[PDB]
Amino acid sequence: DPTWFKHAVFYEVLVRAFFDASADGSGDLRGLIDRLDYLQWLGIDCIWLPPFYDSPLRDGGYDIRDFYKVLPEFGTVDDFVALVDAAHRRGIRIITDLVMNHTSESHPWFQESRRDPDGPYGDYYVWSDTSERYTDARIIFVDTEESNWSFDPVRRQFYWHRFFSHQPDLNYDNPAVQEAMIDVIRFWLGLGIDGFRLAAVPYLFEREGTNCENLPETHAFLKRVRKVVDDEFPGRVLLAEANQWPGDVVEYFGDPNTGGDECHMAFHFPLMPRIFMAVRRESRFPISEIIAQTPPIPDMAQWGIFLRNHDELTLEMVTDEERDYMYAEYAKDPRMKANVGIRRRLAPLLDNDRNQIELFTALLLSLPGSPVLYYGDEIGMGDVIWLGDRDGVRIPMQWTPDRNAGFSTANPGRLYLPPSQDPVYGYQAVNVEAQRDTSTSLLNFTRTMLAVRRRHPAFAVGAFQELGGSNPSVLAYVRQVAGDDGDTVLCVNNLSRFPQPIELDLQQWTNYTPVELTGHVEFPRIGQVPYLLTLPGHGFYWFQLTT
Amino acid sequence: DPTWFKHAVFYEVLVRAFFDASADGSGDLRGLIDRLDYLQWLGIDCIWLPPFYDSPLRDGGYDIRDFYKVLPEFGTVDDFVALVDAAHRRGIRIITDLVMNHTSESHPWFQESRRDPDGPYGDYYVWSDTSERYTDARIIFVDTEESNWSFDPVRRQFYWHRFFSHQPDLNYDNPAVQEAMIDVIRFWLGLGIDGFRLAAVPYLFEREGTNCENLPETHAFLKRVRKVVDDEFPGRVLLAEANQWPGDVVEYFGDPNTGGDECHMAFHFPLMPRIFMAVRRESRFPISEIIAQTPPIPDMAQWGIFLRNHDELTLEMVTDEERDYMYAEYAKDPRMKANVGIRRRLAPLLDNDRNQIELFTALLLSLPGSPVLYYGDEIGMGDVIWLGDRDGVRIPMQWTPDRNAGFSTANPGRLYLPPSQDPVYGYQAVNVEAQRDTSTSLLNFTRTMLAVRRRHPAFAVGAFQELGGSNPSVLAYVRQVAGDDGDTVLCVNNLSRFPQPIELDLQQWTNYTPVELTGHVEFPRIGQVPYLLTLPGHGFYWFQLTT
Amino acid sequence: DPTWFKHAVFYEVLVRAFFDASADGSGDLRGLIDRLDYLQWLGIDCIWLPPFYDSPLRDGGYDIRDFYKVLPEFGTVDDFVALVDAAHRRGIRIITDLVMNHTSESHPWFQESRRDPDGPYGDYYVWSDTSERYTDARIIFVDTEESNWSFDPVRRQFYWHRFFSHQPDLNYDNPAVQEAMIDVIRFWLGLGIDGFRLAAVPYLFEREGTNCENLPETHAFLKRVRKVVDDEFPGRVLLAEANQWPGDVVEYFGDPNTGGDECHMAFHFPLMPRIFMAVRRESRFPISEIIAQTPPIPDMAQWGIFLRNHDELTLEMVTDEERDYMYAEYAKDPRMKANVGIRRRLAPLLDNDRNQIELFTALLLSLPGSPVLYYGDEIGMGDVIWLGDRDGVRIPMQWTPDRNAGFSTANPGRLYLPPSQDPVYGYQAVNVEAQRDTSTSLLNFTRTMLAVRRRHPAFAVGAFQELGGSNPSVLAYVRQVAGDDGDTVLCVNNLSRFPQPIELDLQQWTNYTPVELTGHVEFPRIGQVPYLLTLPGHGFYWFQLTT
Ligand SMILES: [N-]=[N+]=NC[C@H]1O[C@H](O[C@H]2O[C@H](CO)[C@@H](O)[C@H](O)[C@H]2O)[C@H](O)[C@@H](O)[C@@H]1O
Ligand SMILES: [N-]=[N+]=NC[C@H]1O[C@H](O[C@H]2O[C@H](CO)[C@@H](O)[C@H](O)[C@H]2O)[C@H](O)[C@@H](O)[C@@H]1O
Ligand SMILES: [N-]=[N+]=NC[C@H]1O[C@H](O[C@H]2O[C@H](CO)[C@@H](O)[C@H](O)[C@H]2O)[C@H](O)[C@@H](O)[C@@H]1O
Ligand SMILES: [Ca+2]
Ligand SMILES: [Ca+2]
Ligand SMILES: [Ca+2]
């Protein structure tokens with residue numbers, strides 16, 4: 001089969017908050033095989049499932065306690081196979097997250113470790129006295145944790161946790177830990193899962209003096225894992241994560257000369273915190289510059305464009321000291337979660353204003369790379385920030401407006417979370433049964449946009465070239481495919497509230513007719529004088545530029 | 001200013017979960033000034049107040065981080081003074097809870113007692129070493145903790161935490177820790193407050209080998225505190241928290257010869273878990289043996305009868321292993337915590353019966369000693385087990401059912417907890433506005449019972465006699481007041497679903513006419529032959545036995 | 001089953017307001033066969049059915065527009081045959097209504113008579129030329145109608161409409177209409193149902209001079225119709241209804257000598273408007289004296305008691321000026337419709353005193369008449385009284401607290417009348433699904449009472465002796481059975497709020513042990529001296545007087 005990660009849109013279907021198929025007030029794998037038709041109807045080809053393993057849910061389940069067993073709440077591991085079989089016989093791809101760099105303080109490998117120095121599971125985790133080692137590494141959570149080392153009583157030594165107080169980072173130097181964190185990678189691929197993500201890759205190895213992140217030793221292990229995947233089972237997308245400066249530190253794609261020997265796909269973290277900056281700043285540079293700075297990429301790796309995920313809009317080092325602008329713009333009513341992010345969903349971030357919403361949908365549907373959509377955001381939900389942790393972005397999705405937002409058929413007290421009841425973004429104001437009918441509802445509009453993004457095999461294997469006109473508050477680009485008689489396209493996105501005039505310079509494509517895509521309204525021929533256009537506030541076009 | 005310990009009913013109104021006059025999602029001390037009228041309309045005279053001092057609300061508010069300032073959320077201390085001024089004018093006495101056994105793991109004292117001993121606060125806490133010390137007392141919370149000692153990374157030593165490990169018990173041997181705690185009272189009593197309820201008194205001074213509870217020396221400091229209270233600001237009702245064996249230890253009153261030199265009252269903990277095990281077993285013995293097995297009390301103190309409070313429900317740690325059938329009857333739900341495991345409220349306990357609830361309210365208002373009323377039992381409220389911790393019995397009060405249970409005028413997602421929404425026990429099925437007009441509604445039955453109990457001073461300062469009869473499924477009293485031509489009264493409470501015939505033994509009162517208290521419908525004159533009555537399921541009468 | 005109506009309980013179920021099997025917005029026969037398990041689980045044994053024939057729904061569906069056709073929106077004759085052949089499988093018998101003395105002004109008969117003064121249908125209706133004939137009848141609908149003669153301008157004459165303006169009376173003097181009015185009965189019986197509630201019987205023949213009510217010829221015609229139903233289709237009952245003064249005015253049974261040659265039952269309108277005044281007046285005279293003033297009955301006919309039906313309280317023509325008292329106690333607000341009973345349902349009539357409701361259910365199931373329950377009395381349901389006319393007593397049922405009270409899944413605008421929403425009465429507070437769990441719910445209490453009443457063949461086929469004591473405010477019965485070792489039964493019912501002593505003279509049953517029925521709690525053996533029982537306010541006992 002083809003590369004299939006160049007042409008695809010990913011969905012973040014949290015196994016929780018989607019559907020309760022047994023009245024347990026929580027998600028369920030067998031509860032997703034019954035709503036695996038809303039996805040196909042929506043036109044989504046690859047599904048992405050965050051981890052669901054045996055893990056006391058102290059932090060969104062990223063506290064694995066066993067990498068060999070499905071959490072009993074979310075059905076057995078004989079229901080994951082059913083989900084895979086049902087999502088393969090319908091034309092959908094599912095990738096399951098795999099997280100390294102930690103383990104909950106309950107895995108036998110840790111309890112039997114702190115209680116048994118010199119035992120086999122003795123040096124798996126990082127144990128070393130003193131609070132001076134790696135004294136230059138930054139601290140991520142500037143709210144809960146404040147030491148990054150902590151103190152373990154039973155052994156009285158220290159331990160190395162990079163994320164929380166109950167997540168001891170594994171010491172990968174021990175050449176036996178990198179045979180039990182790789183035997184998992186060689187097991188789930190045996191179930192037929194098509195590719196698996198890698199989470200928190202930059203923080204694996206840490207050595208003194210350096211910054212402790214993205215050391216030139218993680219990449220050796222990544223190359224080893226990629227070679228293992230290639231030799232054992234070909235054709236899987238080892239999606240990755242960077243959240244680093246664009247530079248050369250985000251490129252985990254391997255040596256360009258070979259073409260690819262590492263992660264097949266990254267995430268556009270450098271650009272995610274700048275789309276909003278550009279949109280509110282009424283300009284296009286905060287996006288054009290960021291797309292220009294990033295170096296080139298190999299010929300067999302996509303770029304993973306996206307807007308929001310199950311995190312809090314990580315406004316970290318990725319952004320320079322202009323964070324003081326986004327704090328004062330998107331973070332009034334203090335809700336700064338740590339020094340990173342704003343902890344708000346897409347729709348609330350934009351005053352629920354529809355125009356900005358479809359503008360951003362177009363921007364993530366056209367810019368270089370495949371899009372990834374959070375399970376909501378196609379209805380206009382979110383908010384409910386006041387809950388503990390960053391759990392204002394994991395409320396159950398709001399289907400039909402019956403009791404408990406049609407999530408399940410149990411008591412409204414047994415639900416693991418209460419469906420929102422905001423006067424605006426409530427479960428009685430933004431539904432799925434109240435939007436699948438109206439032909440201009442946001443769900444249907446995004447479905448249409450997806451529909452017109454599959455009839456041009458030029459949005460996924462194309463190119464990028466910013467044309468630019470006199471007006472600085474609007475950008476344009478041409479996703480032209482390669483070869484003779486290219487499947488050229490055009491895009492002209494506004495970035496201001498009002499309507500503006502644009503003087504494009506498409507003379508390089510002279511003798512071309514800009515056939516529209518919304519309604520096939522043949523526009524004026526591409527003359528030689530400055531091409532002229534006039535757009536409304538937050539408006540956009542998707543031309544075709546045919547001969 | 002009389003004793004008033006006896007002629008008084010107590011309301012367990014939490015500062016939170018009651019009202020919200022600031023539109024923030026939590027009870028406010030300004031939320032009681034404009035609501036006190038309702039209490040005066042229900043027939044109450046003394047309004048209780050659990051802890052509300054400046055503290056992280058990590059457990060209830062007993063995790064005190066300061067003993068001198070009100071929590072900033074609940075207004076300011078001037079608001080407390082205004083509450084006192086506007087509640088005394090109605091003749092309602094306010095008494096606050098007071099926790100002195102411990103302060104939270106954030107108090108200035110604990111911090112300066114950590115990381116740098118040898119200072120003035122070096123031994124404001126019980127600092128020890130090794131897990132062999134005071135190794136006789138049981139662990140209370142046997143569901144979360146496992147060791148009861150804990151550690152400390154900044155000093156490597158151990159601290160004797162008794163409850164949770166974030167509010168370590170103070171070391172009471174110093175004549176400095178207990179010379180400031182007796183200043184907290186010095187301050188609070190200066191605002192016009194009326195007494196205090198000591199929290200977890202038994203767990204003062206401990207010594208090796210003993211059980212650390214009820215040690216002969218705690219009473220020394222108790223007598224000192226009583227002398228302090230009496231000498232300055234005379235006439236303030238104290239209380240106690242004695243969850244010990246019946247009368248064997250619970251006896252916490254001063255020398256009987258000298259009248260009284262300890263707690264001015266007490267909470268009849270040994271009785272609570274029995275009012276239930278008698279009604280379920282269809283017999284009266286368990287309510288009689290343990291009401292007689294208890295020794296007497298000094299004739300200057302009451303006996304604090306209550307039926308439910310904010311706890312794990314029916315504390316079952318001081319009753320023999322034959323309270324192990326209050327798991328197969330009252331705890332069918334597989335959710336039992338803290339070695340007793342019910343965590344429900346009064347109404348859901350009694351299978352939602354309108355007869356049993358009224359029977360239990362009658363018993364509460366009838367048995368010896370002044371009663372304590374829990375805030376959510378004059379409506380018929382329920383509970384939510386699946387809320388974690390004992391917070392399931394602290395859901396906000398369900399007033400009018402319009403919006404978020406009329407509790408507040410803020411976002412439904414902003415409240416600290418979601419108002420109950422069960423089909424049977426919700427802010428729609430049970431309300432105050434929906435039960436404040438229709439007679440026979442519990443809010444009116446209880447009001448009438450209280451109004452009748454405030455006109456016959458024979459339940460408060462009266463004697464007690466168990467008439468007994470041929471029927472082993474009904475209990476009778478005579479709450480006569482000792483004296484010449486006193487105010488006699490009778491009570492005959494059934495304990496069986498089906499109707500029963502009763503043959504009492506009132507021959508000691510020959511030639512008295514039982515003028516019934518409800519409507520004054522006279523009865524047959526008492527004759528030398530046994531007096532004969534019949535009752536339906538779970539019924540009662542309150543005869544006046546006039547001359 | 002020669003009679004089957006002595007050991008039977010009837011349930012009035014309006015075909016609308018009971019369910020919705022096709023999302024129409026109204027009842028449905030296919031929406032009733034689905035629910036013939038809730039009725040069969042309750043214990044009902046003969047369903048009831050008001051009018052449903054093809055007709056405009058201008059007057060509660062009593063404006064017949066055809067006789068052989070089922071209303072289009074209730075299904076077809078196939079659906080009715082399915083209902084009859086299903087309910088006849090679960091030991092359930094169906095009896096339908098029938099209208100004889102009116103026909104909406106849309107029937108082909110009346111449209112053909114309106115014009116064409118000479119013709120086959122010219123004498124199927126009453127017609128005159130001046131409005132003086134029959135000047136001694138009653139204006140039943142005193143509120144709207146004012147003359148009782150209507151003009152019909154097409155013909156320029158006068159017609160004599162009994163009840164309402166558009167309901168012209170038939171003319172039974174014609175020897176032809178008495179043939180269609182028997183063919184309709186023959187056909188409807190031919191479908192398979194058994195029984196008929198001959199309606200508006202005491203108005204058929206309108207003679208000159210007299211009041212036009214109970215004219216001697218009416219009984220002759222009824223004798224003819226009963227003979228018709230008896231000679232063919234043997235074994236079919238046929239009820240009746242009077243709403244007249246007790247005695248010969250309710251002679252609608254046969255000639256006592258012949259056993260019976262008229263209606264097989266009757267509706268005890270003399271007594272229904274008297275239970276309420278007996279209970280609210282705190283006495284027993286209005287019930288016992290009235291049950292004694294009713295003349296005897298033919299030995300082979302039941303008496304069919306009830307408590308409330310779909311009409312108003314109908315307190316007129318069967319009540320003296322004592323009704324002037326009831327208007328001042330049972331309806332203080334101006335909600336008295338016509339010059340007859342009030343438009344309120346049982347529950348709201350009494351307030352929510354569950355004791356009163358239980359007492360009324362006991363009286364209904366105990367007294368001589370066979371019970372007739374009305375849907376919505378089985379639980380505590382309210383009634384909206386501003387809906388106009390008398391439809392406020394036929395609100396749609398309330399099954400569950402889901403959307404539109406779980407009545408129907410259709411859009412919440414189709415429903416003819418919105419489900420109630422009052423704070424005390426509503427579909428959120430009194431739901432047949434929120435009361436099927438608790439074992440004290442009014443629904444369960446009624447089910448248990450019906451279950452017990454079925455085990456003693458002495459509540460329906462037994463005699464009736466009143467006893468009387470010293471208190472007027474109590475009622476006593478001994479429903480003995482003729483013959484040796486009949487299932488004797490005693491009943492004591494209170495009628496005063498406060499508990500009462502009660503001394504009865506049971507000297508005729510010496511040496512009889514009163515075993516109670518609810519729990520089998522044996523009572524003291526019957527005493528030659530007055531038996532003494534003490535009963536709580538609004539209470540009752542059902543002893544069995546075994547040997
Ligand atoms: N905060 N923050 N930041 C972005 C940073 O961290 C993420 O953390 C998420 O994933 C880890 C993986 O276990 C999980 O522990 C956290 O709960 C999630 O918020 C990403 O892992 C990482 O790639 C980002 O750079
Ligand atoms: N669990 N429990 N039990 C009974 C307990 O009652 C008091 O406990 C008070 O203080 C604790 C400490 O936070 C609090 O959790 C309870 O809600 C309070 O009632 C006393 O500690 C003692 O009498 C009993 O052990
Ligand atoms: N009310 N009232 N009325 C008179 C009469 O009512 C019953 O008969 C019918 O009366 C009208 C006309 O159909 C309608 O409102 C009732 O539902 C019908 O049953 C009975 O005959 C009896 O209640 C009264 O005599
Ligand atoms: Ca690491
Ligand atoms: Ca201590
Ligand atoms: Ca007539």
# chains A, B, ... in the order shown; residues from 1 in each chain; ligands from 1
>>> residues_around(residues="residue 144 in chain C", least_positions_apart="5", cutoff="10 Å", atoms="only C-alpha atoms", output="JSON, numbers by chain")
{"C": [139, 164, 165, 338, 389]}
>>> write_last_selection(atoms="N, CA, C and O atoms", output="PDB file, in the first residue's frame")
ATOM      1  N   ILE C 139     -80.053  22.574  31.669  1.00  0.00           N
ATOM      2  CA  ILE C 139     -78.941  23.030  30.846  1.00  0.00           C
ATOM      3  C   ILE C 139     -77.664  22.461  31.445  1.00  0.00           C
ATOM      4  O   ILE C 139     -77.030  23.098  32.293  1.00  0.00           O
ATOM      5  N   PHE C 164     -74.105  19.911  24.189  1.00  0.00           N
ATOM      6  CA  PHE C 164     -73.345  21.041  23.677  1.00  0.00           C
ATOM      7  C   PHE C 164     -73.937  21.471  22.339  1.00  0.00           C
ATOM      8  O   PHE C 164     -74.760  20.771  21.745  1.00  0.00           O
ATOM      9  N   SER C 165     -73.510  22.645  21.863  1.00  0.00           N
ATOM     10  CA  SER C 165     -74.165  23.265  20.714  1.00  0.00           C
ATOM     11  C   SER C 165     -74.081  22.393  19.468  1.00  0.00           C
ATOM     12  O   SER C 165     -75.070  22.240  18.745  1.00  0.00           O
ATOM     13  N   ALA C 338     -68.815  24.955  35.215  1.00  0.00           N
ATOM     14  CA  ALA C 338     -70.241  24.664  35.165  1.00  0.00           C
ATOM     15  C   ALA C 338     -70.855  24.795  36.552  1.00  0.00           C
ATOM     16  O   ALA C 338     -70.278  25.431  37.437  1.00  0.00           O
ATOM     17  N   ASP C 389     -61.923  24.299  29.325  1.00  0.00           N
ATOM     18  CA  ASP C 389     -62.829  23.147  29.230  1.00  0.00           C
ATOM     19  C   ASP C 389     -62.442  22.182  30.355  1.00  0.00           C
ATOM     20  O   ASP C 389     -62.076  22.630  31.452  1.00  0.00           O
TER      21      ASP C 389
END
>>> interface_residues(of="chain C", to="chain A", cutoff="12 Å", atoms="only C-alpha atoms", output="PyMOL selection string")
chain C and resi 400-406+409
>>> atom_distance(atom1="CA of residue 431 in chain A", atom2="CA of residue 398 in chain A")
5.5 Å
>>> residues_near_ligand(ligand="ligand 5", cutoff="6 Å", atoms="only C-alpha atoms and all ligand atoms", output="PyMOL selection string")
chain B and resi 169-171+203-205
>>> residues_near_ligand(ligand="ligand 1", cutoff="7 Å", atoms="only C-alpha atoms and all ligand atoms", output="PyMOL selection string")
chain A and resi 59-60+62+99+140-141+163+199-201+241-243+311-312+314+340
>>> write_last_selection(atoms="C-alpha atoms", output="PDB file, in the first residue's frame")
ATOM      1  CA  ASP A  59      -2.306  12.274  34.854  1.00  0.00           C
ATOM      2  CA  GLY A  60      -4.418  11.503  31.789  1.00  0.00           C
ATOM      3  CA  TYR A  62       0.270   8.677  30.972  1.00  0.00           C
ATOM      4  CA  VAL A  99       5.317   6.833  25.848  1.00  0.00           C
ATOM      5  CA  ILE A 140       8.663  21.934  32.930  1.00  0.00           C
ATOM      6  CA  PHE A 141       5.855  22.098  35.497  1.00  0.00           C
ATOM      7  CA  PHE A 163       7.611  15.114  34.552  1.00  0.00           C
ATOM      8  CA  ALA A 199       5.871  10.741  23.121  1.00  0.00           C
ATOM      9  CA  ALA A 200       8.392  12.968  24.904  1.00  0.00           C
ATOM     10  CA  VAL A 201      11.324  11.887  22.736  1.00  0.00           C
ATOM     11  CA  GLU A 241       7.210  15.178  18.784  1.00  0.00           C
ATOM     12  CA  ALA A 242       9.594  18.131  18.914  1.00  0.00           C
ATOM     13  CA  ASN A 243       8.175  21.193  20.722  1.00  0.00           C
ATOM     14  CA  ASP A 311      -2.547  19.662  26.055  1.00  0.00           C
ATOM     15  CA  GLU A 312      -2.657  23.355  26.914  1.00  0.00           C
ATOM     16  CA  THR A 314       2.381  24.722  24.804  1.00  0.00           C
ATOM     17  CA  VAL A 340       3.317  27.184  29.126  1.00  0.00           C
TER      18      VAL A 340
END
>>> residues_around(residues="residue 538 in chain C", least_positions_apart="4", cutoff="6 Å", atoms="only C-alpha atoms", output="list in words")
residues 355, 494 and 495 of chain C
>>> write_last_selection(atoms="N, CA and C atoms", output="JSON list (two decimals), in the first residue's frame")
[["chain", "number", "residue", "atom", "x", "y", "z"],
["C", 355, "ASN", "N", -50.96, 9.95, 53.42],
["C", 355, "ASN", "CA", -51.91, 9.22, 54.26],
["C", 355, "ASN", "C", -53.31, 9.30, 53.68],
["C", 494, "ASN", "N", -59.91, 5.36, 59.70],
["C", 494, "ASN", "CA", -60.01, 6.63, 60.41],
["C", 494, "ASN", "C", -60.33, 7.75, 59.43],
["C", 495, "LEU", "N", -60.85, 8.85, 59.98],
["C", 495, "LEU", "CA", -61.20, 10.00, 59.15],
["C", 495, "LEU", "C", -60.84, 11.32, 59.83]]
>>> residues_near_ligand(ligand="ligand 4", cutoff="12 Å", atoms="only C-alpha atoms and all ligand atoms", output="VMD selection string")
chain A and resid 99 to 103 124 to 127 134 137 148 159 to 163 167 to 173 200 to 207 211 to 215 217 to 218
>>> residues_around(residues="range 48-50 of chain A", least_positions_apart="4", cutoff="10 Å", atoms="only C-alpha atoms", output="list in words")
residues 10, 11, 12, 13, 14, 15, 16, 60, 61, 62, 93, 94, 95, 96, 97, 98, 99, 195, 196, 197, 310, 372, 373, 374 and 375 of chain A
>>> write_last_selection(atoms="N, CA, C and O atoms", output="CSV table (one decimal), in the first residue's frame")
chain,number,residue,atom,x,y,z
A,10,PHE,N,-5.8,13.1,10.6
A,10,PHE,CA,-5.8,12.3,11.8
A,10,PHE,C,-6.9,12.9,12.8
A,10,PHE,O,-7.2,14.0,12.8
A,11,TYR,N,-7.4,12.0,13.6
A,11,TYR,CA,-8.4,12.3,14.6
A,11,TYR,C,-7.9,11.9,16.0
A,11,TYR,O,-7.4,10.8,16.2
A,12,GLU,N,-8.1,12.8,17.0
A,12,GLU,CA,-7.7,12.5,18.4
A,12,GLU,C,-8.9,12.0,19.2
A,12,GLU,O,-9.5,12.7,20.0
A,13,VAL,N,-9.3,10.7,19.0
A,13,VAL,CA,-10.4,10.2,19.7
A,13,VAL,C,-10.0,9.6,21.1
A,13,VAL,O,-9.6,8.5,21.2
A,14,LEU,N,-10.0,10.5,22.1
A,14,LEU,CA,-9.8,10.0,23.4
A,14,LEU,C,-10.7,8.9,23.8
A,14,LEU,O,-11.9,9.0,23.7
A,15,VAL,N,-10.1,7.8,24.3
A,15,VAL,CA,-10.9,6.6,24.5
A,15,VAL,C,-12.0,6.9,25.6
A,15,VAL,O,-13.0,6.3,25.7
A,16,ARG,N,-11.7,7.9,26.5
A,16,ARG,CA,-12.7,8.5,27.3
A,16,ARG,C,-13.3,9.7,26.7
A,16,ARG,O,-12.7,10.3,25.8
A,60,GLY,N,-3.9,11.9,33.1
A,60,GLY,CA,-4.4,11.5,31.8
A,60,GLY,C,-4.0,10.1,31.3
A,60,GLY,O,-3.8,9.9,30.1
A,61,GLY,N,-3.7,9.2,32.3
A,61,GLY,CA,-3.3,7.9,31.9
A,61,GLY,C,-1.9,7.7,31.4
A,61,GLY,O,-1.5,6.6,31.1
A,62,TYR,N,-1.1,8.8,31.4
A,62,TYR,CA,0.3,8.7,31.0
A,62,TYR,C,1.1,8.3,32.2
A,62,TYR,O,2.2,8.9,32.5
A,93,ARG,N,-7.3,4.1,9.7
A,93,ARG,CA,-6.0,3.7,10.3
A,93,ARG,C,-6.0,4.2,11.7
A,93,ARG,O,-6.3,5.4,12.0
A,94,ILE,N,-5.5,3.4,12.6
A,94,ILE,CA,-5.4,3.7,14.1
A,94,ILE,C,-4.0,3.6,14.5
A,94,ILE,O,-3.3,2.6,14.3
A,95,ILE,N,-3.5,4.6,15.2
A,95,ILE,CA,-2.1,4.6,15.7
A,95,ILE,C,-2.2,4.8,17.2
A,95,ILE,O,-2.9,5.8,17.7
A,96,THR,N,-1.6,4.0,18.0
A,96,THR,CA,-1.7,4.0,19.5
A,96,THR,C,-0.4,4.6,20.0
A,96,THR,O,0.7,4.2,19.7
A,97,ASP,N,-0.6,5.6,20.9
A,97,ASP,CA,0.6,6.3,21.5
A,97,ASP,C,1.4,5.3,22.3
A,97,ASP,O,0.9,4.3,22.9
A,98,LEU,N,2.8,5.5,22.3
A,98,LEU,CA,3.7,4.7,23.1
A,98,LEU,C,4.6,5.8,23.8
A,98,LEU,O,5.3,6.5,23.1
A,99,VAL,N,4.6,5.8,25.1
A,99,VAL,CA,5.3,6.8,25.8
A,99,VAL,C,6.5,6.2,26.5
A,99,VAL,O,6.4,5.2,27.3
A,195,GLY,N,1.3,1.6,12.7
A,195,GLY,CA,2.1,2.7,13.2
A,195,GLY,C,1.8,3.2,14.6
A,195,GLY,O,0.6,3.1,15.0
A,196,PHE,N,2.8,3.7,15.3
A,196,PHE,CA,2.6,4.1,16.7
A,196,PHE,C,3.4,5.3,16.9
A,196,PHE,O,4.6,5.5,16.5
A,197,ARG,N,2.8,6.3,17.7
A,197,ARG,CA,3.5,7.5,18.0
A,197,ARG,C,4.6,7.3,19.0
A,197,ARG,O,4.7,6.3,19.7
A,310,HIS,N,-4.6,17.5,23.2
A,310,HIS,CA,-5.1,17.3,24.5
A,310,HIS,C,-4.2,17.9,25.6
A,310,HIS,O,-4.2,17.5,26.8
A,372,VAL,N,-4.3,17.3,11.9
A,372,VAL,CA,-4.7,16.5,13.0
A,372,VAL,C,-5.8,17.3,13.8
A,372,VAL,O,-5.5,18.4,14.2
A,373,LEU,N,-6.9,16.7,13.9
A,373,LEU,CA,-8.1,17.3,14.6
A,373,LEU,C,-8.4,16.7,15.9
A,373,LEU,O,-8.5,15.5,16.0
A,374,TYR,N,-8.5,17.5,16.9
A,374,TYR,CA,-9.0,17.0,18.2
A,374,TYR,C,-10.5,16.6,18.1
A,374,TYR,O,-11.2,17.1,17.2
A,375,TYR,N,-10.9,15.6,18.9
A,375,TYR,CA,-12.2,15.0,18.7
A,375,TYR,C,-13.3,16.0,18.6
A,375,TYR,O,-14.3,15.7,17.9
>>> atom_distance(atom1="CA of residue 366 in chain B", atom2="CA of residue 439 in chain C")
27.3 Å
>>> select_by_dssp(residues="range 239-426 of chain A", states="strand (DSSP E or B)", output="list in words")
residues 239, 265, 305, 306, 371, 372, 373 and 374 of chain A
>>> select_by_dssp(residues="range 304-521 of chain A", states="alpha helix (DSSP H)", output="PyMOL selection string")
chain A and resi 323-330+354-366+442-451
>>> closest_residue(among="C:308, C:30, C:284, C:69", to="ligand 3", atoms="only C-alpha atoms and all ligand atoms")
C:308
>>> residues_around(residues="residue 73 in chain A", least_positions_apart="2", cutoff="8 Å", atoms="only C-alpha atoms", output="VMD selection string")
chain A and resid 26 28 71 75
>>> closest_residue(among="B:395, B:318, B:81, B:297", to="ligand 2", atoms="only C-alpha atoms and all ligand atoms")
B:318
>>> decode(residues="range 82-92 of chain A", atoms="C-alpha atoms", output="short mmCIF file (atom, residue, chain, number, x, y, z; two decimals), in the first residue's frame")
data_model
loop_
_atom_site.label_atom_id
_atom_site.label_comp_id
_atom_site.auth_asym_id
_atom_site.auth_seq_id
_atom_site.Cartn_x
_atom_site.Cartn_y
_atom_site.Cartn_z
CA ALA A 82 -12.22 -6.03 17.65
CA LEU A 83 -11.75 -2.27 17.29
CA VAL A 84 -8.80 -2.78 14.94
CA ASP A 85 -10.71 -5.29 12.82
CA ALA A 86 -13.75 -3.01 12.63
CA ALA A 87 -11.68 0.07 11.76
CA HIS A 88 -9.70 -1.78 9.07
CA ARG A 89 -12.77 -3.16 7.27
CA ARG A 90 -14.05 0.41 6.95
CA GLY A 91 -10.96 2.21 5.62
CA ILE A 92 -9.50 3.81 8.75
#
